[PDB]
Amino acid sequence: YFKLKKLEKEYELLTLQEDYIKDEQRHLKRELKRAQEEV
Amino acid sequence: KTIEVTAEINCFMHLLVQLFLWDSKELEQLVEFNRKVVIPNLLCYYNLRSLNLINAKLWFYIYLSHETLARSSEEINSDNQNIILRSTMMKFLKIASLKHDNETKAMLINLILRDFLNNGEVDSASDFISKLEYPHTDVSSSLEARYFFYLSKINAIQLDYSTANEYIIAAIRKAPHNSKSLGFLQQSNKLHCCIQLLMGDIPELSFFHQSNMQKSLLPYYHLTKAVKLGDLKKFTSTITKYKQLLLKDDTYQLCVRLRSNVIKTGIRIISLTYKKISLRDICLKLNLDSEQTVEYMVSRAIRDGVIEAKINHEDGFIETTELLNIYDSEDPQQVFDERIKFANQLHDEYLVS
Amino acid sequence: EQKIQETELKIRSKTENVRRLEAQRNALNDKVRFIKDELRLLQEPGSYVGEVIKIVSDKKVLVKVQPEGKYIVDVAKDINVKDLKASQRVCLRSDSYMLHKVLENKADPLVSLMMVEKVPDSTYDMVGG
Amino acid sequence: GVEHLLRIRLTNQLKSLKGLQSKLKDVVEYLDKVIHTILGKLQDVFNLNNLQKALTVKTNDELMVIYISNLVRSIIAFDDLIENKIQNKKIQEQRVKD
Amino acid sequence: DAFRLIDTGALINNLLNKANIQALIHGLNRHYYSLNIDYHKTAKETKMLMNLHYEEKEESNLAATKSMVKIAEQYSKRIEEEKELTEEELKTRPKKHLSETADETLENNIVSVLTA
Amino acid sequence: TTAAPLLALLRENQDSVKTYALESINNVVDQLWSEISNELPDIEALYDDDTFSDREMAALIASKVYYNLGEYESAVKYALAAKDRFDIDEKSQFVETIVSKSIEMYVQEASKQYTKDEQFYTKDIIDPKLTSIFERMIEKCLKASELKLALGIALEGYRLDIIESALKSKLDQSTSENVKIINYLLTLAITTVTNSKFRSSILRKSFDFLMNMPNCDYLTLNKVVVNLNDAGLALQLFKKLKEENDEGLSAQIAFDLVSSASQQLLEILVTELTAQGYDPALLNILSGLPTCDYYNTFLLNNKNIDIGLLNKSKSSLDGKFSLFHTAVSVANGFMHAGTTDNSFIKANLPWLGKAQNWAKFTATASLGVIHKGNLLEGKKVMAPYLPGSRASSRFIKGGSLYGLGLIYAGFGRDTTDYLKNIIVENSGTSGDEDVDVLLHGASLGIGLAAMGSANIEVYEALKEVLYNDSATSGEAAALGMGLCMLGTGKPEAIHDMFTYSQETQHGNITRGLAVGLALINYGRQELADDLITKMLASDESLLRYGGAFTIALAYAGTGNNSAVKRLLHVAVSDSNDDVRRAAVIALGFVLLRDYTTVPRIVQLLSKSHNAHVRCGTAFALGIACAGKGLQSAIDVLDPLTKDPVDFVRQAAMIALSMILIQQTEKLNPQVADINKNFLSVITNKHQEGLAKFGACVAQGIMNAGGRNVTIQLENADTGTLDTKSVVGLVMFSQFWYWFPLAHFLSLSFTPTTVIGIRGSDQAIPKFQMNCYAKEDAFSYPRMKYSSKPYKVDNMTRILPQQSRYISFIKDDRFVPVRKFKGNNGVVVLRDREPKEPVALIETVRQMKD
């Protein structure tokens, strides 16, 4: 019961980390296109 | 102590596999001991991990011999044995998880579903269909094929031909493991052959030559010819001769359901054609089917969707269009929508691997 | 008691999601970086080709460049003097005048109507007897 | 130098809506104060994504074709995918030998 | 570029210490040094460039219409591109091009569909 | 089979048929539920009817039916309603799962209901049926007498009254059991509950419950008063200490409170001591003099300092950029910190004659790092060099005041006033860069001395330096208002500061007011939310950079998901090069308590595009993983160390060193290479100025305070926060326009020490101590599981790892009164025979009285 609280913190941190990776990849697809235009 | 309890469980499983037909003398004589090892909550006692060292196929073989009124020999006439077993398997499902432990989960739903198909109703079936759907990466190739085999049979009864057609084709793919080159393959094959006939027709038996015995092949040829010629008299006779097969499968209903397709197929073969169509020419064609009901059968045809045509019975001539020209009917649009699903769904699983 | 078990599943699930995304993330990330390096390279005046006339033992070399006149330039420290030799064709930076690689040696009678023909196809049976 | 300093259908439709809406408001005002052809081509012409309807017949045929082209591309992505699965499959295999 | 000459009593008082630049300033007294290039502009400029770069919105409608006109040719060349593409993959057995080659074709269809 | 027979009878439509079909239905619902589902309308209708007689049985069946579908909440409604036929002291697997679901439901209503009114709990006002189960679940676990399971649940369902009662009834003084349970619940409430309003309530109560027992655990009692940071809690505690009066215990407690607590807190604590008249001893402790002096005494004897390393380092580089001169003035201060020896600087004077203005100010300010730890010899040393006395430049006189402000932070009471007189004086003079450098130190010092209380007098003085608009001095004043008002600012102060950033047209003053704004919200949490928006709502780069530090500081300690989401979000979605680096730096402060998690969050980001990002992750780990020696932190920092981009090498080198301070060859095989690497980089010419700055200062970290200190953002001696240290590292982490500002690392050195302190001789024994950690897997650097018997001595280098297995010898001439406790920090003895010394030494407060 106490345990779950510990584990919920690890789960939450991880969840945000995953959503943040998704978002970063988006800026990169964008970056790619822009870089091809510049070259 | 711990190691000894895991060992204890391996020894009961092992014993239970041995005392069957597989690795020992005759399954029925042995059944009572096989049942003693299951029953007094030693199966329960196994919960160190999930059931996947004993499998649904195995629980199936012991329970069928116990009870089916043909191996039991009307030993008892009650499904008292199965009711306790189904309940206990149901009791397992509650504490089963779906996300990472669905090895035990699919197997239990397989055993329960099976019993409904053996003897039950097509009404209660709906809930079991919805519960079943769980990843197909967790269960063996052998176990996946059996899961599809039962699902496909259930879908046929509802008259979902298409869904069963996909599951069956996937079911019988490759053979890295047995019961996709054995007796199980032949059972699958018969059910696949039936599902294609239901859709319209099966006109290929190339694969089936090599994966089925001669006794099966003859009835497959007789059916496909009856349905292709359109001739009801040959079809009926095919059921009559291979009465023993249709009974065996436990599905004499198929005969009743398919026969309607044959008379529908006959009316179709000679299309709509010319802009006015003579009564006589069509009468001749309908006479084959049933000859004292020319006007009724043609009326039934139009409502049904066998044909679409426009009738005068104060002139007694038939008017038609003949369409062989395929303009757009949302047909690009449909392609696109399908493709976005096809690419994403495929794409994600391939990526995980 | 049911509740603790459910939290343990959702973690296990999440990690696989991290593993998949991470692997793709890297592929894109590399591509931007690759393109940047390529862009630094695509800014250049080129390297001049020259012929090493002779090497001086004080770390000059005498080069006749084909682009220009004749020049004294500073031997590179990316190559050693025993790679260089008389009549070597080299690539030397127009930027830094450092001999960065060696091509091949050249000649002039070999293209003034004298020529090599390795392993000839004539036999004694050809004009036999 | 400009570029060094600095380093869809809907937006146009919303503008369109606002002009029409403004135009109506003006026409009401204009009658009140007072007590052709351009407006007349701006109503009947568009009555029939609206215009694009009449065109849809021709669009559709080419629309199958360009769809088939995207489908070949999906297959192509699957093909590339299979190589990735093998690469992972190889690594695992070498780790087991070792 | 921007360069200025060095001044004494400033660029030694500001930026062992700098032995080099210290002998340089007691020496020459003036010598070139490079000054950084930056920009500063207001928000008002920044907003009202990006509605020029009305022409862009109205120009965007016009462009969509005339694109559908030219699509007859643009169709045919992607058909060709694909034939090369498939042939290429055969010879290898390149892959990279094909993927880039696949992505591009997807982008173009998204555009073709949007037009109409 | 079929339930179709049973259901046929239900439709007949009388009382008997309802009851028979019900009692049949209960048994095999679960398997036949499918068939029964269609008659679930009749069952619910019977539910809230009573034309029949079956209601509570009907609700029961319905629960079972709903259950089998997968509608758990739906089943839960009816399970409750079944009333008398449903019991939670009877368990099946079915029962377990809907009690579980009933708690979840209860949790949901309780989250919402606490936010709404914070005495929801003092009455039933929620669903009675749920409440009934809830009390009874609590009783069950507790009758079985495991108290961690019951307390876990009571937390979760956000009601305080259950927590109080539950614990209370089972406090039976055993004593061992009461203490241990209460210590578990305290740790829990802090780490896992960031519902700040709820968490405080549990803390204040758990404090009075432990306090009321005749036996207490005084270490745990100090934790909670530091956390809630109240003088009022302090006063109740001390009057309890009056009843059981012992000079050893009361003294220990003051040695704890002085370090951890804030300046203002300390101040009301002297006032209350003065007015309670209880112990004049303790009031001197509360002035901080004893603890710092004891450390001095330790550092002078256990120093291992080498000027040959600084000599080697300087000759390894070549001068051509004043960045190198800073590097060695600074590595020297750090290395020789607390040992009161200026030795290097004393030895080499011609290079000093070369040095630019800033480099002079830094040389002068290095004395301050060394002479920290003296609050009476601190002032004395700097007297020949002040304004009005000797020096050789006014930049040298300016650094004298910067160095005084370094030392006398944490007890700046005199020095703030003293410095203020210099501020008001030199506001006229700005005609020469000689005065701008003087007034620049002046502003640093005053901000540093007045930290942790908030004197508006200092704020108003530094602000007129902005109106006079002097280019160097305005940077120090701006940052200085932020330091002074830290965590105790006016709302007005925020608004005035915020407007002035916008007004100022000098780059440096704008930079200093950005960082200035972040500091002033320290520890606010949600209360800072208004300012976060405002900094990001300014479309200035400096202000958006400044916004990121404001979350790190406000949400520090125990981490908060909302806070990490916002910072990661700016890091990903903002493309501005300052902004991305600051938002990654910022994660490390949030995450100091939960430091394990920082290599995973920053895993990705370390291999991610743009060097500023990669720089930011080095810092994140450096701040967060400092002192622990996390094996995962080091593995991430290795690639970055030989990265092409020079300031990336630099920051990773600084970072590695902070984690691995006072960790040795053999303990870690890897450090030998690392030290090699630091050395090789200075010596090669192929590195650039920024990379060697990173390298020089990195040696300087490892070798800091004569090898005896670690860098931590809390105490070990209470195990609760230490403000100074946190603040120090955020100024430390930036250097980009902040070329002299390295010096803020003096405040982050904590000594790694276990020494005994005689209660009435105030002296250090030198005696042999026992240990079970393997010595000679500890060594003298430069110039694993254990239980094996071993030895260590007193006044020798106690490492983090070592501290855990050491034990005071009990049986020479002293009693160690509360004993050692398995963490760093002193323990006060009270002597059996003070009057013969065992092998004592004289401390430095007895060399200067």
# chains A, B, ... in the order shown; residues from 1 in each chain; ligands from 1
>>> residues_around(residues="residue 85 (chain E)", least_positions_apart="3", cutoff="10 Å", atoms="only C-alpha atoms", output="VMD selection string")
chain E and resid 79 to 82 88 to 90 94 to 95 97 to 99 101 to 102
>>> write_last_selection(atoms="N, CA, C and O atoms", output="PDB file, in the first residue's frame")
ATOM      1  N   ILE E  79       5.220   8.081 -61.964  1.00  0.00           N
ATOM      2  CA  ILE E  79       4.964   6.801 -62.437  1.00  0.00           C
ATOM      3  C   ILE E  79       6.297   6.321 -62.852  1.00  0.00           C
ATOM      4  O   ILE E  79       6.718   5.222 -62.476  1.00  0.00           O
ATOM      5  N   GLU E  80       7.095   7.125 -63.511  1.00  0.00           N
ATOM      6  CA  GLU E  80       8.437   6.863 -64.020  1.00  0.00           C
ATOM      7  C   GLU E  80       9.429   6.639 -62.868  1.00  0.00           C
ATOM      8  O   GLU E  80      10.236   5.693 -62.954  1.00  0.00           O
ATOM      9  N   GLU E  81       9.395   7.562 -61.853  1.00  0.00           N
ATOM     10  CA  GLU E  81      10.212   7.629 -60.670  1.00  0.00           C
ATOM     11  C   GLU E  81      10.121   6.324 -59.977  1.00  0.00           C
ATOM     12  O   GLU E  81      11.137   5.706 -59.688  1.00  0.00           O
ATOM     13  N   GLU E  82       8.861   5.866 -59.820  1.00  0.00           N
ATOM     14  CA  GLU E  82       8.565   4.513 -59.222  1.00  0.00           C
ATOM     15  C   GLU E  82       9.207   3.351 -60.032  1.00  0.00           C
ATOM     16  O   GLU E  82       9.688   2.418 -59.406  1.00  0.00           O
ATOM     17  N   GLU E  88      15.937  -0.416 -59.226  1.00  0.00           N
ATOM     18  CA  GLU E  88      17.070  -0.149 -58.411  1.00  0.00           C
ATOM     19  C   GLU E  88      17.340  -1.144 -57.269  1.00  0.00           C
ATOM     20  O   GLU E  88      18.429  -1.633 -57.038  1.00  0.00           O
ATOM     21  N   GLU E  89      16.228  -1.369 -56.475  1.00  0.00           N
ATOM     22  CA  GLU E  89      16.164  -2.297 -55.390  1.00  0.00           C
ATOM     23  C   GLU E  89      16.555  -3.749 -55.893  1.00  0.00           C
ATOM     24  O   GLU E  89      17.341  -4.459 -55.287  1.00  0.00           O
ATOM     25  N   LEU E  90      16.110  -4.148 -57.065  1.00  0.00           N
ATOM     26  CA  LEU E  90      16.472  -5.407 -57.695  1.00  0.00           C
ATOM     27  C   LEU E  90      17.919  -5.576 -57.854  1.00  0.00           C
ATOM     28  O   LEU E  90      18.458  -6.628 -57.509  1.00  0.00           O
ATOM     29  N   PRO E  94      20.820   2.578 -51.884  1.00  0.00           N
ATOM     30  CA  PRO E  94      19.717   2.178 -52.720  1.00  0.00           C
ATOM     31  C   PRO E  94      18.453   2.114 -52.003  1.00  0.00           C
ATOM     32  O   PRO E  94      17.423   2.706 -52.410  1.00  0.00           O
ATOM     33  N   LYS E  95      18.431   1.369 -50.888  1.00  0.00           N
ATOM     34  CA  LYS E  95      17.355   1.229 -49.933  1.00  0.00           C
ATOM     35  C   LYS E  95      17.071   2.606 -49.382  1.00  0.00           C
ATOM     36  O   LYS E  95      15.870   2.960 -49.309  1.00  0.00           O
ATOM     37  N   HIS E  97      17.476   5.633 -50.660  1.00  0.00           N
ATOM     38  CA  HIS E  97      16.819   6.478 -51.671  1.00  0.00           C
ATOM     39  C   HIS E  97      15.366   6.184 -51.749  1.00  0.00           C
ATOM     40  O   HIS E  97      14.465   7.066 -51.863  1.00  0.00           O
ATOM     41  N   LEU E  98      15.150   4.903 -51.818  1.00  0.00           N
ATOM     42  CA  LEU E  98      13.826   4.362 -51.912  1.00  0.00           C
ATOM     43  C   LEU E  98      12.819   4.716 -50.888  1.00  0.00           C
ATOM     44  O   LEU E  98      11.673   4.995 -51.158  1.00  0.00           O
ATOM     45  N   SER E  99      13.370   4.716 -49.592  1.00  0.00           N
ATOM     46  CA  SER E  99      12.625   5.241 -48.480  1.00  0.00           C
ATOM     47  C   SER E  99      12.335   6.741 -48.646  1.00  0.00           C
ATOM     48  O   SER E  99      11.218   7.185 -48.444  1.00  0.00           O
ATOM     49  N   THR E 101      12.437   8.306 -51.405  1.00  0.00           N
ATOM     50  CA  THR E 101      11.681   8.245 -52.678  1.00  0.00           C
ATOM     51  C   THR E 101      10.173   7.985 -52.389  1.00  0.00           C
ATOM     52  O   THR E 101       9.280   8.743 -52.871  1.00  0.00           O
ATOM     53  N   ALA E 102       9.750   7.293 -51.359  1.00  0.00           N
ATOM     54  CA  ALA E 102       8.463   6.758 -50.820  1.00  0.00           C
ATOM     55  C   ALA E 102       7.702   7.773 -50.025  1.00  0.00           C
ATOM     56  O   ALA E 102       6.530   8.022 -50.322  1.00  0.00           O
TER      57      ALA E 102
END
>>> interface_residues(of="chain F", to="chain C", cutoff="8 Å", atoms="only C-alpha atoms", output="PyMOL selection string")
chain F and resi 96-97+100+604+608-609
>>> residues_around(residues="region 49-58 of chain E", least_positions_apart="6", cutoff="9 Å", atoms="only C-alpha atoms", output="compact mmCIF listing (two decimals) with C-alpha atoms, in the first residue's frame")
# COMPACT_ATOMS: atom_id res chain seq x y z
CA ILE D 8 -4.49 26.59 -44.59
CA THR D 11 -7.63 30.43 -42.80
CA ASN D 12 -8.69 31.46 -46.27
>>> closest_atom_pairs(of="chain A", to="chain F", cutoff="10 Å", atoms="only C-alpha atoms", output="tab-separated table")
residue	atom	partner	partner_atom	distance
A:1	CA	F:152	CA	5.0
A:2	CA	F:152	CA	5.0
A:3	CA	F:152	CA	8.6
A:4	CA	F:152	CA	9.1
A:5	CA	F:192	CA	6.1
A:6	CA	F:192	CA	6.8
A:7	CA	F:192	CA	9.8
A:8	CA	F:192	CA	8.8
A:9	CA	F:192	CA	7.4
A:10	CA	F:597	CA	7.8
A:12	CA	F:561	CA	7.3
A:13	CA	F:561	CA	7.0
A:14	CA	F:601	CA	7.6
A:16	CA	F:565	CA	6.6
A:17	CA	F:601	CA	6.2
A:18	CA	F:601	CA	9.5
A:19	CA	F:569	CA	9.6
A:20	CA	F:568	CA	7.0
A:21	CA	F:604	CA	8.0
A:22	CA	F:572	CA	10.0
A:23	CA	F:572	CA	7.1
A:24	CA	F:572	CA	5.8
A:25	CA	F:572	CA	9.5
A:26	CA	F:573	CA	9.7
A:27	CA	F:573	CA	7.6
A:28	CA	F:609	CA	9.3
>>> write_last_selection(atoms="C-alpha atoms", output="CSV table (one decimal), in the first residue's frame")
chain,number,residue,atom,x,y,z
A,1,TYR,CA,0.0,0.0,0.0
A,2,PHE,CA,3.0,2.2,0.9
A,3,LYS,CA,4.8,0.4,-1.9
A,4,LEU,CA,2.4,1.5,-4.6
A,5,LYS,CA,3.2,5.2,-3.9
A,6,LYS,CA,6.9,4.6,-4.5
A,7,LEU,CA,6.2,2.8,-7.7
A,8,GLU,CA,3.6,5.5,-9.0
A,9,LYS,CA,6.4,8.1,-8.8
A,10,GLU,CA,8.6,5.9,-11.2
A,12,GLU,CA,4.7,9.0,-13.7
A,13,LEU,CA,8.3,10.2,-14.5
A,14,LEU,CA,8.7,7.6,-17.2
A,16,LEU,CA,6.3,12.2,-19.2
A,17,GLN,CA,9.6,11.0,-20.5
A,18,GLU,CA,7.9,8.9,-23.3
A,19,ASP,CA,5.6,11.9,-24.3
A,20,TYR,CA,8.5,14.2,-24.4
A,21,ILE,CA,10.5,11.8,-26.7
A,22,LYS,CA,7.4,11.9,-29.1
A,23,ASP,CA,7.4,15.6,-29.2
A,24,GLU,CA,11.2,15.9,-29.8
A,25,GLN,CA,10.9,13.6,-32.9
A,26,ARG,CA,8.3,16.0,-34.2
A,27,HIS,CA,10.7,19.0,-34.0
A,28,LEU,CA,13.3,16.8,-35.9
>>> closest_residue(among="F:166, F:658, F:615, F:289", to="residue 640 (chain F)", atoms="only C-alpha atoms")
F:615
>>> closest_atom_pairs(of="chain E", to="chain B", cutoff="12 Å", atoms="only C-alpha atoms", output="Markdown table")
| residue | atom | partner | partner_atom | distance |
| --- | --- | --- | --- | --- |
| E:106 | CA | B:340 | CA | 11.3 |
| E:109 | CA | B:336 | CA | 10.7 |
| E:110 | CA | B:336 | CA | 10.9 |
| E:113 | CA | B:333 | CA | 10.4 |
>>> residues_around(residues="residue 15 (chain E)", least_positions_apart="2", cutoff="9 Å", atoms="only C-alpha atoms", output="number ranges by chain")
E: 10-13, 18; F: 321-323, 356
>>> write_last_selection(atoms="C-alpha atoms", output="mmCIF file, in the first residue's frame")
data_model
loop_
_atom_site.group_PDB
_atom_site.id
_atom_site.type_symbol
_atom_site.label_atom_id
_atom_site.label_comp_id
_atom_site.auth_asym_id
_atom_site.auth_seq_id
_atom_site.Cartn_x
_atom_site.Cartn_y
_atom_site.Cartn_z
ATOM 1 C CA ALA E 10 40.673 48.535 -22.023
ATOM 2 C CA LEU E 11 41.421 45.287 -23.888
ATOM 3 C CA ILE E 12 44.021 44.286 -21.282
ATOM 4 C CA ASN E 13 42.054 45.500 -18.308
ATOM 5 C CA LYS E 18 47.085 36.655 -21.283
ATOM 6 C CA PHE F 321 43.695 34.095 -22.290
ATOM 7 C CA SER F 322 42.883 35.405 -18.827
ATOM 8 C CA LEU F 323 40.596 32.362 -18.387
ATOM 9 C CA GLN F 356 43.620 41.966 -15.657
#
>>> residues_around(residues="residue 5 (chain E)", least_positions_apart="4", cutoff="8 Å", atoms="only C-alpha atoms", output="MDAnalysis selection string")
chainID E and resid 30:33
>>> write_last_selection(atoms="N, CA, C and O atoms", output="mmCIF file, in the first residue's frame")
data_model
loop_
_atom_site.group_PDB
_atom_site.id
_atom_site.type_symbol
_atom_site.label_atom_id
_atom_site.label_comp_id
_atom_site.auth_asym_id
_atom_site.auth_seq_id
_atom_site.Cartn_x
_atom_site.Cartn_y
_atom_site.Cartn_z
ATOM 1 N N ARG E 30 47.911 48.824 -31.842
ATOM 2 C CA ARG E 30 46.691 48.623 -32.586
ATOM 3 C C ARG E 30 46.996 47.471 -33.550
ATOM 4 O O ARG E 30 48.108 47.391 -34.108
ATOM 5 N N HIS E 31 45.926 46.647 -33.666
ATOM 6 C CA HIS E 31 45.889 45.441 -34.496
ATOM 7 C C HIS E 31 44.480 45.030 -34.540
ATOM 8 O O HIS E 31 43.708 45.253 -33.603
ATOM 9 N N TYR E 32 44.049 44.397 -35.725
ATOM 10 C CA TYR E 32 42.679 43.990 -36.032
ATOM 11 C C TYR E 32 42.208 42.939 -35.031
ATOM 12 O O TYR E 32 43.001 42.150 -34.547
ATOM 13 N N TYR E 33 40.902 42.955 -34.689
ATOM 14 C CA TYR E 33 40.228 41.912 -33.939
ATOM 15 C C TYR E 33 38.780 41.865 -34.411
ATOM 16 O O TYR E 33 38.255 42.874 -34.873
#
>>> interface_residues(of="chain D", to="chain A", cutoff="12 Å", atoms="only C-alpha atoms", output="list in words")
residues 3, 4 and 7 of chain D
>>> select_by_dssp(residues="region 26-106 of chain C", states="strand (DSSP E or B)", output="NGL selection string")
:C and (47-55 or 60-65 or 70-74 or 88-93 or 99-105)
>>> closest_atom_pairs(of="chain B", to="chain F", cutoff="7 Å", atoms="only C-alpha atoms", output="Markdown table")
| residue | atom | partner | partner_atom | distance |
| --- | --- | --- | --- | --- |
| B:87 | CA | F:31 | CA | 5.6 |
| B:90 | CA | F:31 | CA | 6.5 |
| B:120 | CA | F:1 | CA | 6.8 |
| B:124 | CA | F:34 | CA | 5.6 |
| B:127 | CA | F:34 | CA | 6.9 |
>>> write_last_selection(atoms="N, CA, C and O atoms", output="PDB file, in the first residue's frame")
ATOM      1  N   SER B  87     -16.842 -23.381 -14.332  1.00  0.00           N
ATOM      2  CA  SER B  87     -16.877 -22.481 -13.218  1.00  0.00           C
ATOM      3  C   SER B  87     -15.484 -22.210 -12.684  1.00  0.00           C
ATOM      4  O   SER B  87     -15.135 -21.082 -12.387  1.00  0.00           O
ATOM      5  N   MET B  90     -13.554 -20.102 -15.251  1.00  0.00           N
ATOM      6  CA  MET B  90     -14.202 -18.828 -15.034  1.00  0.00           C
ATOM      7  C   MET B  90     -13.662 -18.098 -13.809  1.00  0.00           C
ATOM      8  O   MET B  90     -13.381 -16.927 -13.866  1.00  0.00           O
ATOM      9  N   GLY B 120     -24.712 -25.990 -26.473  1.00  0.00           N
ATOM     10  CA  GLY B 120     -25.043 -24.817 -25.755  1.00  0.00           C
ATOM     11  C   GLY B 120     -25.960 -23.995 -26.734  1.00  0.00           C
ATOM     12  O   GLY B 120     -27.055 -24.366 -27.055  1.00  0.00           O
ATOM     13  N   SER B 124     -25.744 -16.894 -26.031  1.00  0.00           N
ATOM     14  CA  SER B 124     -24.724 -16.568 -25.021  1.00  0.00           C
ATOM     15  C   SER B 124     -23.395 -16.345 -25.563  1.00  0.00           C
ATOM     16  O   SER B 124     -22.568 -15.708 -24.820  1.00  0.00           O
ATOM     17  N   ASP B 127     -20.778 -12.630 -25.783  1.00  0.00           N
ATOM     18  CA  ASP B 127     -19.920 -12.160 -24.638  1.00  0.00           C
ATOM     19  C   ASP B 127     -18.512 -12.773 -24.590  1.00  0.00           C
ATOM     20  O   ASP B 127     -17.490 -12.128 -24.381  1.00  0.00           O
TER      21      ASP B 127
END
>>> residues_around(residues="residue 204 (chain F)", least_positions_apart="3", cutoff="9 Å", atoms="only C-alpha atoms", output="MDAnalysis selection string")
chainID F and resid 199:201 207:209 224:225 228 233
